[PDB]
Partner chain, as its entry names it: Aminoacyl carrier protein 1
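Only one chain is included here, represented as structure tokens and corresponding to the form solved without its partner chain.
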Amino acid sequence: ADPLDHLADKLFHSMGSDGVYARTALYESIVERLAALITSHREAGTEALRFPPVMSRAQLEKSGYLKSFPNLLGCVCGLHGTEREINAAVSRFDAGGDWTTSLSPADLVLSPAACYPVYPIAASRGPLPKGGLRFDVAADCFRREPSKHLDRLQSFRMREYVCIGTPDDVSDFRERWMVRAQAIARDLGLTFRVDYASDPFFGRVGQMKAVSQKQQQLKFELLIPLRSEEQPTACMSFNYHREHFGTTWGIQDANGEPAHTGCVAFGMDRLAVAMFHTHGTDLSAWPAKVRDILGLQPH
């Protein structure tokens, strides 16, 4: 049994698929209170956008996602044929056959990260002002990694603060957030460490990309011991993308150059699970300071 398994009964209901769960009112009230807490830390001049769980497949392909995490991508498929073809697919399904043979990809994918749709949006506004742009983004994300662990979901909520500007704007933002994020986790009564990290790039070339990314310090994670202190869970990430998105989307910074980007990502579901694992499922027993910052009556 996994150390988080005991939480499942009070927090989730099975939906017949690993990593896809219905949330209880108790679980959801904490996710919303954590979301409101992240919002209270929003810097002045930050534009808030809320993304749906799907995005343009062409934007995602253009962003280089297939080259990095093809095995994690969820693509939207549908029955796009003629009425004759669709009726036949349904008739095959009626006869105990497989209707899915008539599926073809749609022009949409399930979003793998909340920030992806923001880059073309920022690019369409022209050159960046001095100091760059700041965005507060959120989406229900999807990653094709089935697991029975409560901290490894296929559908989960992501919340991010995104900086688009010169390498200086991004570095400063990332440093500000690595300080602020630790202060938030500390106030939430969570045990953590901030360490060098890498994205789970696919395959043999992915192992090379990961080592190269880690050495360049382009990604840090706020890690919380859930199942062990040896294998902690990344509940937040601090990502510096250099000019990857600036170049892809033709975003130009103050110095006329291809814009640099970075993001602070909060795993909403991992943070909520971390809260319940740390403090238990009885909110009335949560520490006074933790209850206070989440807007529950302190005492």
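Positions refer to the first chain, counted from 1.
Here the subject shifts to the form solved in complex with its partner chain, a form of this protein not shown in this document.
Answer option from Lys209, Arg227, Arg176, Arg152, heavy atom within 4.5 Å of its partner chain in the entry with it bound
Answer to the contact question: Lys209.
Single option in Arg193, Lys148, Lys130, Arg204 placed near its partner chain in the entry with it bound, where near means a heavy atom within 4.5 Å:
Of the listed residues, the single hit is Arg204.
Does its partner chain come within 4.5 Å of any heavy atom of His41 in the entry with it bound?
Flag for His41 set to no.
Should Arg33 be counted as a contact of its partner chain in the entry with it bound, where contact means heavy atoms within 4.5 Å?
Outside the cut-off, so no.
Any residue of 241-277 that, in the entry with it bound, places a heavy atom within 4.5 Å of its partner chain
Residue within 4.5 Å: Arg242 only.
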